[PDB]
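The block underneath contains the structure these notes are about, expressed in structure tokens.
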Protein chains: 2
Amino acid sequence: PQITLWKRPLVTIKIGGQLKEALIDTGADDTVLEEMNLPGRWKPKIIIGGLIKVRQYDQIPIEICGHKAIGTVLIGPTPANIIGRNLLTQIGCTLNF
Amino acid sequence: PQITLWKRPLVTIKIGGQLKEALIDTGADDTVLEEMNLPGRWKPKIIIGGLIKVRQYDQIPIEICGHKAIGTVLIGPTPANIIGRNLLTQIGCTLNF
């Protein structure tokens, strides 16, 4: 689709079978969602206040406005759901003007 | 233009006659640049570590890859130059996929 920036670009993402509202954030390298139940092994990662510990899951299937992609998702006490570039490149998201 | 997100979307902005590198950040409501000399009156604002004081200048002319726009610019000890939505809407920047 084509999203304008008059308001925060919040979209729906399907991950782990659940639907959620995340913010398309071109200024974020990574994707970090609030606590949820994901299947698989994960590894520790330390990354909105100070440092927080999160769980890094790799090659997780996700869906943003249709568009099926896979990639790394950090799950943790993030103040907000953020879709970063690591996933934005996977759905072919670009900035245009 | 059309910018892909394989790397951080850094662009050049002309403000106060000087050129600078800022990051197009759809996840940021406002625009905040590192200390520079801008003409005009400004007002105090408190907003990457904890809180920092900055100077809010309104209706400042700016230029991002051609495209002349005007808007509010926060100037201060920001860890990085950020072009927020407040200006992205003014140059007709959209997200597309």
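Hydrogens, waters and symmetry mates play no part in the numbers below; they use all other heavy atoms, side chains included. Within every chain, numbering begins at 1; the chains are lettered A, B, ... in the order of the sequence lines, protein sequences first and strands thereafter.
In this structure, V11(B) and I3(B) have side chains that are in contact, with non-hydrogen atoms separated by less than 4.5 Å. A heavy-atom distance below 4.5 Å is not found between the side chains of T31(A) and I13(A). Contact of the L88(B) side chain with the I83(B) side chain is registered, since non-hydrogen atoms from C-beta on lie closer than 4.5 Å. Between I15(A) and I60(A) the shortest side-chain heavy-atom distance falls below 4.5 Å. Side-chain atoms of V54(A) and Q56(A), non-hydrogen and from C-beta on, never get closer than 4.5 Å to each other.
Contacts of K20(B) classified as salt bridge (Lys or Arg N to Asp or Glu O under 4.0 Å), with partners at least two apart in sequence or in another chain: none. Residues forming a side-chain contact (heavy atoms from CB on, under 4.5 Å) with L23(A) (at least two apart in sequence, or on another chain): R8(A), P9(A), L10(A). With sequence neighbours left out, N81(B) forms a side chain to side chain donor-acceptor pair (under 3.5 Å) with no residue at all. Listed by chain and number, the residues in a salt bridge (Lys or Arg N to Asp or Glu O under 4.0 Å) with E35(A) are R55(A) (sequence neighbours excluded). Qualifying salt bridge (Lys or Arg N to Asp or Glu O under 4.0 Å) partners for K45(B), counting only residues two or more places apart in sequence or in other chains: none. When the side chain to side chain donor-acceptor pair (under 3.5 Å) test is applied to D30(B), no partner is found at least two apart in sequence or on another chain. With sequence neighbours left out, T26(B) forms a side chain to side chain donor-acceptor pair (under 3.5 Å) with no residue at all. When the side chain to side chain donor-acceptor pair (under 3.5 Å) test is applied to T72(A), the partners found at least two apart in sequence or on another chain are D58(A).
For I82(A) against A22(A), the heavy-atom pair with the smallest separation is N-CB, 4.4 Å. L51(A) and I47(A) make their closest contact through CD2-O, 3.4 Å (heavy atoms, listed as atom of the first residue, atom of the second, distance).
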Side-chain donor-acceptor contacts of residues 90-97 of chain B below 3.5 Å, not counting sequence neighbours, with atom names and distances?
from, atom 1, to, atom 2, distance (Å)
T94(B), OG1, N96(B), OD1, 2.9

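If you take NZ on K43(B) and CG on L74(B), they are separated by 10.0 Å, rounding to the nearest 0.5 Å.
Hydrophobic cluster membership differs between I62(A) and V32(A), with clusters built from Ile, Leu, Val, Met, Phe, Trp and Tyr side chains linked at under 4.5 angstrom. Cluster membership for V73(A) and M36(A), using ILVMFWY side-chain heavy atoms within less than 4.5 angstrom, is shared.
Here salt bridge (charged side-chain N to carboxylate O under 4.0 Å, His left out) pairs that include residues 88-97 of chain B, with residues two or more places apart or in two chains, number zero. Residue pairs meeting the salt bridge (charged side-chain N to carboxylate O under 4.0 Å, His left out) criterion with at least one member in residues 66-92 of chain B, sequence neighbours excluded, are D29(B)-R85(B), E63(B)-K68(B).
In this structure, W6(A) stands alone, with no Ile, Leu, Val, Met, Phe, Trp or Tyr side-chain heavy atom under 4.5 Å from its own, directly or through other members.
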